[PDB]
Amino acid sequence: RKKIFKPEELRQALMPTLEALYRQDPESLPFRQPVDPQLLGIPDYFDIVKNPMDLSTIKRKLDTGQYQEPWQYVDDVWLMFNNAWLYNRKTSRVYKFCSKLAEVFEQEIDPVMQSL
Ligand SMILES: CN1Cc2cc(Br)ccc2NC1=O
């Protein structure tokens with residue numbers, strides 16, 4: 001008897017965990033919109049990152065019901081983190097910012113998943 005989550009159920013449960021990331025300043029700033037390699041001056045970005053992901057895209061998928069299960073949402077969040085850890089050097093701002101967001105996320109998501 002597989003459990004169905006309504007889009008609205010998932011938005012109500014998961015969106016606050018995304019808002020937790022949005023709220024982190026300065027750490028969220030590089031994550032709030034799609035990476036634009038040209039504006040940023042990193043033209044090898046899409047050479048290396050083949051599945052880009054960012055907060056605004058995750059928000060939009062919640063807002064349009066594109067996640068059928070909570071793990072799909074969590075996977076997109078980790079996708080965004082894994083892209084940043086892959087592309088950026090360990091000493092960089094964005095790498096360290098990513099690690100800060102990942103710590104915040106883990107603390108926020110665990111209770112929500114138990115609830116779901
Ligand atoms: C997610 N990002 C955002 C970013 C922002 C600036 Br500024 C420089 C490099 C990057 N790379 C990323 O992976």
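Values below: all heavy atoms of this structure, side chains included; hydrogens, waters and symmetry mates excluded. Counting begins at 1 with the first residue of the sequence.
Under the 4.5 Å side-chain criterion, counting only non-hydrogen atoms from C-beta, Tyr87 is in contact with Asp44. Between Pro34 and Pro52, the closest side-chain pair of non-hydrogen atoms is not below 4.5 Å. The shortest distance between side-chain heavy atoms of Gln38 and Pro43 does not fall below 4.5 Å. Within the 4.5 Å cutoff, side-chain heavy atoms of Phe31 are placed close to those of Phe97. Using a 4.5 Å heavy-atom threshold, the side chains of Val77 and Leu21 count as touching.
Between the CG atom of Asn83 and the CG atom of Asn88 there is a distance of 10.0 Å, given to the nearest 0.5 Å. For the atom pair CG of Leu86 and SG of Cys98, the computed distance is 11.0 Å after rounding to the nearest 0.5 Å. Note that CD of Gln66 is 15.5 Å distant from OH of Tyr73, once rounded to the nearest 0.5 Å. How far OH of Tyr67 is from CD1 of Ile58: 5.0 Å, rounded to the nearest 0.5 Å. Taking CG of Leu55 as the reference point, atom CG of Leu101 lies at 7.0 Å (rounded to 0.5 Å). The distance from atom CD of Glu69 to atom CD1 of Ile4, rounded to the nearest 0.5 Å, is 9.0 Å.
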Could you check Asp76 against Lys61 for salt bridge (charged side-chain N to carboxylate O under 4.0 Å, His left out), going step by step and ending with a plain yes or no?
-> CA-CA 10 Å; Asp76 269 353; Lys61 295 175 77 178; 2.7 Å; yes
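No donor-acceptor pair closer than 3.5 Å links the side chain of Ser115 to the backbone N or O of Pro111. Side-chain N or O atoms of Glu108 include none that pairs as donor or acceptor with a backbone N or O of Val104 at under 3.5 Å. Side-chain atoms of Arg32 come within 3.5 Å of backbone N or O of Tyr22 as a donor-acceptor pair. Under the 3.5 Å distance criterion, the side-chain polar atoms of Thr64 are matched with a main-chain donor or acceptor of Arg60.
Placement of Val35 and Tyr95 in two distinct hydrophobic clusters is found when ILVMFWY residues are connected by side-chain heavy-atom separations under 4.5 Å, directly or transitively. Both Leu10 and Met80 belong to a common hydrophobic cluster when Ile, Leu, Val, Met, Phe, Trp and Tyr are linked at side-chain heavy-atom distances under 4.5 angstrom. Cluster membership for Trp78 and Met15, using ILVMFWY side-chain heavy atoms within less than 4.5 angstrom, is shared.
One finds a salt bridge joining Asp63 and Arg11 here, because a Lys/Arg side-chain nitrogen approaches an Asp/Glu carboxylate oxygen to under 4.0 Å.
When all heavy atoms of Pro30 and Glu27 are compared, the pair lying nearest together is CD-O, 3.6 Å. Across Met113 and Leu14, no two heavy atoms sit closer than the pair CE-CD2, 3.2 Å.
The number of heavy atoms from other shown groups lying within 6.0 Å of NZ (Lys59) does not exceed 12.
A salt bridge (charged side-chain N to carboxylate O under 4.0 Å, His left out) check over residues 80-106, counting only residues at least two apart or in different chains, returns nothing.
Taking the six-membered ring where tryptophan is involved, the planes of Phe105 and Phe81 are perpendicular, since the angle between them exceeds 60° and thus also 30°.
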